[PDB]
Amino acid sequence: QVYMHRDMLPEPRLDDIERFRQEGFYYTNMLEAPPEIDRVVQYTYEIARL
Amino acid sequence: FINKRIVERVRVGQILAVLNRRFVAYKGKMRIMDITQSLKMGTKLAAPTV
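Just so you know, the protein sequences line up as chains A and B, in that order. Going by the working numbering, the residue at position 22 of the first sequence is 53; the numbering climbs one at a time, nothing skipped. Going by the working numbering, the residue at position 39 of the second sequence is 189; the numbering climbs one at a time, nothing skipped.
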């Protein structure tokens, strides 16, 4: 289950520096749930060559 | 007796009266290459054929 999708890194704002420091902000490429099957396109070798 | 016009007495008004052949020529930028040596067993083409 490896997918390719265009996503952008978050750019959080610094409302209060101490309050932002208090929470452990972090970013992942792990997917909580796989995408919907009606929004994915399957490629094999044959269609790529075609 | 020949029945072919090998030598003809013509007046000088019709020196260029033999221009009745259509010729074509590729331009200087084009290249002419032979591909008969590319028929080898290892070659596989992307789009399959019947």
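The beta carbon of each residue, even a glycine, is placed where N, CA and C say it ideally should be.
| Query | Result |
| --- | --- |
| DSSP state of A:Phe-51 mapped onto helix, strand, coil | helix |
| Rounded straight-line distance, which links the Cα of A:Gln-73 to that of A:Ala-64 | 18 Å |
| Unbroken alpha helix (DSSP H) run spanning A:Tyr-76, endpoints | 76-80 |
| A:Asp-69 in three-state terms, based on DSSP | helix |
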